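Heads up: the structure comes next, in structure tokens.
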Amino acid sequence: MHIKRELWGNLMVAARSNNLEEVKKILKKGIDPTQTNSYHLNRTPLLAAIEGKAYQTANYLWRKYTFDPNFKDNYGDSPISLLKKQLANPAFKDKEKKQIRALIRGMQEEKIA
């Protein structure tokens with residue numbers, strides 16, 4: 001309860017910082033990273049990874065769990081729309097933008113299992 005909320009907050013930080021080893025350790029304790037709620041602002045660690053430019057962690061999460069890439073948080077951002085905002089932002093470099101584009105493509109176009 002308190003424990004799950006403390007783990008969730010640490011999971012958001014680990015994902016935003018691309019600390020995939022610590023993400024994996026927390027998810028082994030039974031947290032479903034795809035499910036969220038009001039209290040957590042309807043965010044997930046997939047969003048956290050995207051906004052931290054933690055693209056390898058975002059890729060892992062996307063591949064290993066079933067996320068809805070159009071599910072919005074309480075700011076109104078989904079994984080896809082947040083990536084699209086990054087892709088349009090001039091501060092992002094070519095190497096980052098190629099990774100962003102590949103994640104958008106995978107989320108919009110890949111098969112639903």
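Each chain of the structure tokens is named A, B, ... in the order shown, its residues numbered from 1; ligands are numbered from 1 in display order.
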
* To do: Name the residues of chain A that come out as helix (DSSP H, G or I) in a backbone DSSP run; write them as a ChimeraX atom specification.
  => /A:2-16,20-27,45-51,55-64,79-88,94-109

Find the nearest atom pair between each residue of range 18-82 of chain A and range 93-110 of chain A for residues within 8 Å, count only C-alpha atoms, give distances in Å to one decimal, sort rows by chain and ascending number, and present the table as JSON lines.
```
{"residue": "A:53", "atom": "CA", "partner": "A:96", "partner_atom": "CA", "distance": 7.8}
{"residue": "A:55", "atom": "CA", "partner": "A:99", "partner_atom": "CA", "distance": 7.1}
{"residue": "A:59", "atom": "CA", "partner": "A:103", "partner_atom": "CA", "distance": 7.3}
{"residue": "A:69", "atom": "CA", "partner": "A:107", "partner_atom": "CA", "distance": 6.1}
{"residue": "A:80", "atom": "CA", "partner": "A:104", "partner_atom": "CA", "distance": 5.9}
```

Generate a file of the selected residues that holds N, CA, C and O atoms, formatted as a CSV table (one decimal), in the first residue's frame.
```csv
chain,number,residue,atom,x,y,z
A,53,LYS,N,14.3,10.5,-21.9
A,53,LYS,CA,15.2,10.1,-23.1
A,53,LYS,C,15.8,8.8,-22.8
A,53,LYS,O,16.9,8.4,-23.4
A,55,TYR,N,15.6,5.7,-23.9
A,55,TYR,CA,14.9,5.0,-24.9
A,55,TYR,C,15.1,3.5,-24.9
A,55,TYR,O,14.2,2.8,-25.3
A,59,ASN,N,12.0,1.0,-24.9
A,59,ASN,CA,11.9,-0.2,-25.8
A,59,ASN,C,11.7,-1.5,-25.0
A,59,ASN,O,10.8,-2.3,-25.4
A,69,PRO,N,-0.4,2.4,-26.2
A,69,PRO,CA,0.4,3.6,-26.5
A,69,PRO,C,-0.4,4.9,-26.7
A,69,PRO,O,0.3,5.9,-26.8
A,80,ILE,N,2.6,7.8,-27.3
A,80,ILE,CA,2.8,8.3,-28.7
A,80,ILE,C,2.8,9.8,-28.8
A,80,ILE,O,3.7,10.4,-29.5
```

* So, counting only C-alpha atoms, which residue among A:50, A:57, A:33, A:83 is closest to residue 20 in chain A? ->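 Nearest to residue 20 in chain A: A:57.
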
* Select, from A:113, A:31, A:46, A:82, the residue with the minimum atom-to-atom distance to residue 58 in chain A, counting only C-alpha atoms. =>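 Ranking A:113, A:31, A:46, A:82 by distance to residue 58 in chain A, first place goes to A:46.
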
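Distances to residue 78 in chain A were evaluated for A:21, A:51, A:6, A:32 using only C-alpha atoms, and the minimum falls at A:51.
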
* Please identify all polymer residues within 12 Å of residue 75 in chain A, counting only C-alpha atoms, omitting same-chain residues fewer than 4 positions from it, and present them as a PyMOL selection string. => chain A and resi 38+40-43+47+71+79+81-82

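With only C-alpha atoms as the basis for measurement, A:48 is the residue among A:48, A:54, A:1, A:12 that approaches residue 77 in chain A most closely.
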
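Here CA of residue 23 in chain A is placed at a distance of 8.5 Å from CA of residue 10 in chain A.
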